[PDB]
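Presented below, as structure tokens, is a lone chain in the form solved without the partner chain.
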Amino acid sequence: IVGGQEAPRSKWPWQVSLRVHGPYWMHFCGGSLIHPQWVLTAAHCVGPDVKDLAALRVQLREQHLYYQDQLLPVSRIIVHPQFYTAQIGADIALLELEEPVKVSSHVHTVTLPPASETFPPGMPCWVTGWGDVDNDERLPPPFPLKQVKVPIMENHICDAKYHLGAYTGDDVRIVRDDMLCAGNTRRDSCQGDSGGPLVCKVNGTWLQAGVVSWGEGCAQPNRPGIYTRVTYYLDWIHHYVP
């Protein structure tokens, strides 16, 4: 998270951290609980190469990384079959927890959007994670979950920005229909925030509008963060999650 601050313990009960086995169980990507047995994440966090499920653990909503880990094994990794790179798209994946979750008050599921929700510019939107706090700067210990409010920008407004300072022909779409743009030179997600939730408050309900995907660096001039547009992939998601 670039800009924004440390999150209150009550907010973002759906936030999860993904761990890879090493010298310690290290955070590498974010995620969200969308069902007591299912986590939504970014395909590039776990793909496109096939990886050992034993090497992976999920940690549910924690205020600081590592302090009180209760790591959770994973039974299935479902990566969207159109995915190969985040720029080509379909950067979305599903993890099946080995057991459904103890759904309390501090941890519970985020609500998915109706297929009809567009999230027009001006909607109140927040992204959260334990990623870098600027380009090439790790989040310092004790690793607090951070949050930032990011301004949404229309895909076409955003697409044109991406052509500023670029050789890429104007007729060539950089920001694709299954994507969504948000953030500015002061508010953004970054490396390590990947696969994490972008949530907007619509009529009093938090809906996950996006999954953190990619971008040209973090909070760079004319390079807003790019998210997987969740609505776009609702059918593929409901095919697997109850």
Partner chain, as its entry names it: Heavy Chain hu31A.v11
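Positions refer to the first chain, counted from 1.
Not pictured, yet referred to below: the form solved in complex with the partner chain.
A residue is said to contact a partner when one of its heavy atoms sits within 4.5 Å of a partner heavy atom; residue 75 meets this definition for the partner chain in the deposited bound form. For residue 21, a non-hydrogen atom is located within 4.5 Å of the partner chain in the deposited bound form, even though that partner is not displayed.
A residue is said to contact a partner when one of its heavy atoms sits within 4.5 Å of a partner heavy atom; residue 61 fails this definition for the partner chain in the deposited bound form, lying far away. In the deposited bound form, at least one heavy atom of residue 57 sits within 4.5 Å of the partner chain.
Of the residues given (110, 153, 97, 107), 97 alone sits with a heavy atom within 4.5 Å of the partner chain in the deposited bound form. Residues of 24-44 placing a heavy atom within 4.5 Å of the partner chain in the deposited bound form: 37 alone.
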